[PDB]
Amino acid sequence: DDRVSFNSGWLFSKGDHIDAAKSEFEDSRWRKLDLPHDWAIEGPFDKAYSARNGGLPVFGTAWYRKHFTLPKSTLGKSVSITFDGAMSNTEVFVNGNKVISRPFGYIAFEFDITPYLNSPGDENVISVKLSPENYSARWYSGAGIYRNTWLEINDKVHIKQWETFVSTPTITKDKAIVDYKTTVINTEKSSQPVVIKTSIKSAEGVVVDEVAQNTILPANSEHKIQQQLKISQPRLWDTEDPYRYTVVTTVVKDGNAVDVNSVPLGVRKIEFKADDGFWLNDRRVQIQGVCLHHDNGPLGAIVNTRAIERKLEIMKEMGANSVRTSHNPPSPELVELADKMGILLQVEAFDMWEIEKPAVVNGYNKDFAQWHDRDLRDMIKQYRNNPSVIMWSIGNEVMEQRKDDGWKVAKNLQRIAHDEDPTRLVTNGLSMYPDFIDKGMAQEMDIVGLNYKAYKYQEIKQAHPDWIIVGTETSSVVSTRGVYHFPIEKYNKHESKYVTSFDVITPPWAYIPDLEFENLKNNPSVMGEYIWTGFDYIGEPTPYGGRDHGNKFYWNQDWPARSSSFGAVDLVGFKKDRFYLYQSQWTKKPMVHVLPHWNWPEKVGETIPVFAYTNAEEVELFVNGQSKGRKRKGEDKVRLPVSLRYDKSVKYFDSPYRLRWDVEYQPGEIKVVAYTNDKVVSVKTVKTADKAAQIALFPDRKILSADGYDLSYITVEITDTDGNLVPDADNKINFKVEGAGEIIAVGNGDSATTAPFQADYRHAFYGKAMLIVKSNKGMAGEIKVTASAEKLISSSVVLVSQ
């Protein structure tokens, strides 16, 4: 029967608890909460925790406990529990019996609890112990049961979870052939004659094909099944049409369906051409991808369907069409949303392999030898049916790149992926030049994944023509929303602990996106890129605190810098100037964007740089009505400083992807006019804002589901009387939520603050703050949101829960 959520009614408590694995245990005073849950985001921030991991308590022992009772109708039934993810080093007990011991924190695991249950109707206790260690992550991991949990009651004859595998070996205009595999389990102590039905269902519920198999299952047995079906005139899954079928497996026993298993099916042709990029359904699709870490800003590492959906919507708005799950298996909700939103996925399994990355002594390296096979296979088993997945990845910047025998591990890992999923190619984030060429790791990979090697694309492709190449990790330029430093120079750090939004500051291994656009244009055989990153994430405050490839783990010299600056948007999804630069390269809808803002009272009469990003042909800049020149994109190049790790002769790059003026600052307004074919196609005006005066609220969604999980992201802006955003506003805004909802978190994208994420107040960060309102489960009605700040006009908005 169909599973239910197991998230409700848990107990939680930090520290060591001897005897907490036993049913009889004094947990009466333990804190009550529902899952998913991430205790590290609750803080507080402490300088004793490395800013590389966000300066939050992402390690230490903690326990979860849940009391649950099953109906008396569960007698003679199978009962299984699935944890989609637990961070990290998880041990699970059922009525004192140990059932799970899984170190990997990004993988889903399932465990049969039928042998350990008490009698139907009597209470059961499940105990979860997590023991994450310090010095184990290069970014913020969070801590706790951060992914959803599930309980399923099944017939003793049922389909094994994650063993159903479907693919399309042959696709023509007339038909698609569907290869099928499944495993049925018979946990009965006698033989069971059953019929295993396998149906392909359209979205409208039409059985477009069906086969069956009469079989006698031996007692306490497993039976593998292979079938082949046909879909006539199949509606393809595509970036422009994410249509999916459904494969339904039914265990029929004595004429009655006793178990029903469903998996998704997307019909699409994938082809990787070594000299012509990536092809989807017989046409080339340029990979315009972004890397994302798993956390959700103020929500921490917890999964939330709406938060993930919102991130994918904002990345698609930027023009992105692909996501790389850096550097770990994603939640099932992310992959499900990517299926329905037509987003191509590169699902990555590991960060490091067995050799530790510098100063990360407690990472996955300690478990790699024992767990790499099961963890890699389980990631593939869980997501091989999702049509959004177009390739697997086995690692990222692994230390084995400079080992003589490092290629053997890559070959062995790739062999495991090919065995579990023979239908997809495998890539790997290569970074140590020229080691990954000299020592043969790149030779072993299906797809050569290059990290920050754009200026080497031509040389590498000419020496190895038959290689399939992608930029697995590109740029890594950093910036802070609303921050501008003058003059535009390539410094290393700033006193403000923020980075200029003119997008020129790069770590020694990094470069500006212009250099990636240029080398992707000059080497069209490369299928595309995955930028680092699409969203800001907690931890790795580079250039502050430290650099990833150093041998020092504590990054607290620049405290309280604890969040990243690699993102094209900030921690809550506010668009940086970087967002519009990528929109100028990845979208076709006419747009124009200008930076910086026009509030510089200490610059009257002085010269100031002005940048314009557009996908149009020309842009003319106006300052208080006076034209400052009509520039032509691609012809009037912008000289920007660079510093390339493996090419020290290059000091500057003349980018044809930006436009620059240098004008005298006078308060008033600026305006950019975008021209294509000598006619106006886009206009953007930015006025000098007056004194801060009022609050403006912008909910992205006003209609929410009353499920207790749906969220509304309410943009909070500090403006003047005319509504112009005050670029430097830092007012403390107070929030009140009445009705069928409540505050769940707040943020503002500030990378160097210790302000709480769980509070009813938040400072504006360069004019903007974010209030996350959550629905309440089972109560529908109005949700009234009020924002207040002293010396400003308050604001109110009304939402509705259904």
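Throughout, we count residues from 1 along the sequence that is shown.
The mean C-alpha temperature factor is higher for 215-223 when 215-223 and 424-432 are set side by side. In this entry, the higher average B-factor at the C-alpha atoms falls on 227-235, of the pair 531-539 and 227-235. The residue among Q626, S322, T325, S565 whose C-alpha carries the highest B-factor in the deposited model is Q626. The PDB entry gives the largest Cα B-factor of the residues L292, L345, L581, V195 to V195. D46 sits in the middle third of its chain by CA B factor, as recorded in the PDB entry. In the deposited entry, the Cα temperature factor of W39 sits in the bottom third of values across the chain's modelled residues. Per-chain ranking of the deposited C-alpha B factor places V746 in the lowest third.
Placement of the Cα temperature factor of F68 within the chain: highest third of the modelled residues, per the deposited record. Ranked against the other modelled residues of its chain, the C-alpha B-factor of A740 as given in the entry falls in the highest third.
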